[PDB]
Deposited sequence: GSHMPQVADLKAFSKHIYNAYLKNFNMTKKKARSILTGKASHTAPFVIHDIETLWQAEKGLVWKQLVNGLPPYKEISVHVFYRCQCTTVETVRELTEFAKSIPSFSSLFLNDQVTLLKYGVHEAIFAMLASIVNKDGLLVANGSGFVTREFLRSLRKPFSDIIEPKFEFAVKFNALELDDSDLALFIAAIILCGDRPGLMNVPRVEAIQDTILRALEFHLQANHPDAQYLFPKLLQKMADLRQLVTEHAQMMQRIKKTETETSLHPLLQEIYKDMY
C-alpha cells in the first residue's frame, strides 16, 4: 500500500521529468557540458553547441532562457501532479490553486539537482553556466539566482535521490494551507498520506539518516520563504524593467503573492 504509493509517485516522476538528479550527477561528475562563463562562450553556445522574445541585451537574454526552462518545468510538474490519482480527483480549480502556489517551490527544490557550488546545467545538460557569469550580469538579474544556489548547496548535503524527490515534490504541491483552496480537508488528507509515504520511504532508503524526515519538513518551510523573496524580485523587475518580457503564465502565478 504505502510502498505501492511510493512506487506510483516515483514512476510518475520518472515519466514526466526529462532531467533527473541521476542523469545530472552523471554529467556533473564526468562519466562533457560546454561551459558558458562569459559573453564569448554564451554566444558560442547559442550558435549550435547548446541551442524567445526579441533580443534586448545579454542579461535579459539569460533571463529569457531561464524563463523558458521554468515554464517548461511548470508543464512537467502539472503533468506530474495530474498523474497522482488523488490529485486528479480534486476540482480543476483546486488543482490550479495547488500548482499556482506550489510550482516554484518544487522548481527550486529540483533546481538543486542540476546545481553545484560553481554553476548549473542548461539545455538538457549539454551546457553548464558558471555561477561567476550569473553573478556578473546587470542588476537586478544577477540577484535572482544567488539565493537559489545557497539553498541548493545545503539541500544537496542531504544527498537525496530521485525516489526521495518524487515524494518530496508531491508533498510540496499537495499543501493544505494554500490561499483560496475549496476542499482544505481533502488536500490535507492527501498530503498526510504522501508525508507518511515519505518518512516510510526514507526509513528504508536512508537507514543511517539522522533526522532526515524532520529536516525535509524544515526544507519545505525554507522553500516557501525562498519563493516569497523570489516573487518580490519578479514584481520589482515588472516595475523597473518594463522592457523585459514576462511570461503571462508566470505573471498569473505571481499575481496575488
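Q: May I ask you to mark the stretches of the deposited sequence that the structure leaves without C-alpha coordinates?
A: No coordinates exist for the deposited residues in 1 to 8, 40 to 43, 64 to 69, 276, so these stretches are absent from the model.
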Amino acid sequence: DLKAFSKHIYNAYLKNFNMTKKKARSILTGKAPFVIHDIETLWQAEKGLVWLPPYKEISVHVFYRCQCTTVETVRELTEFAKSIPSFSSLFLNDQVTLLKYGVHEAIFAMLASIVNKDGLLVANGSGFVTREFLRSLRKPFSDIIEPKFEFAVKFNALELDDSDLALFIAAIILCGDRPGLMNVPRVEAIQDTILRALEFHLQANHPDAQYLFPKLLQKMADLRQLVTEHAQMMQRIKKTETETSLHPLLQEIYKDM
From here on, numbers count along this sequence of modelled residues.
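Take the two forms, find the largest set of C-alpha atoms that superpose within 1.5 Å, and that set is the rigid core.
Q: Between 106 to 114 and 85 to 93, where do the CA atoms move more in 6 other deposited structures of this protein, taking the root mean square over the structures and residues after a core fit?
A: Between 106 to 114 and 85 to 93, greater C-alpha deviation in 6 other deposited structures of this protein belongs to 85 to 93.
Q: Out of the other entries of this protein with residues modelled on both sides, is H201 skipped in at least a third?
A: No.
Q: Would you say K56 is missing from a third or more of the other compared entries?
A: That residue is present in all of the other compared entries.
Q: Once you work out the mean C-alpha B-factor for both 167 to 175 and 126 to 134 from the entry, which is higher?
A: Taking the mean C-alpha B-factor of 126 to 134 and of 167 to 175, the larger value falls to 126 to 134.
Q: Could you check the entry and say whether 148 to 156 or 82 to 90 has the higher mean CA B-factor?
A: Higher mean C-alpha B-factor in the PDB entry: 82 to 90.
Q: Just grab whichever of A231, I39, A209, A221 has the top CA B-factor as deposited.
A: Checking the PDB record, the top C-alpha B-factor among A231, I39, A209, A221 is at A209.
Q: From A32, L226, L198, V62, can you pick the one with the highest C-alpha B factor in the entry?
A: Max CA B-factor in the entry, restricted to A32, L226, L198, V62: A32.
Q: Compared with the other modelled residues in the chain, in which third is the CA B-factor of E188?
A: Its C-alpha B-factor, which the entry lists for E188, ranks in the middle third among residues of this chain.
Q: Based on the deposited C-alpha B factors for this chain, I'd like to know if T242 is in the lowest, middle or highest third.
A: Highest third - that is where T242 ends up once the chain's C-alpha B-factors are sorted.
Q: Would you mind checking where the Cα B-factor of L249 ranks among the modelled residues of its chain, as the lowest, middle or highest third?
A: Ranked within chain, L249 CA B lands in the lowest tercile.
Q: What third of its chain's C-alpha B-factors does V50 belong to: lowest, middle or highest?
A: Highest third, going by the recorded CA B-factors of the chain.
Q: Would you please rank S142 by its C-alpha temperature factor against the other modelled residues of its chain and give the third it falls in: lowest, middle or highest?
A: Highest third, going by the recorded CA B-factors of the chain.
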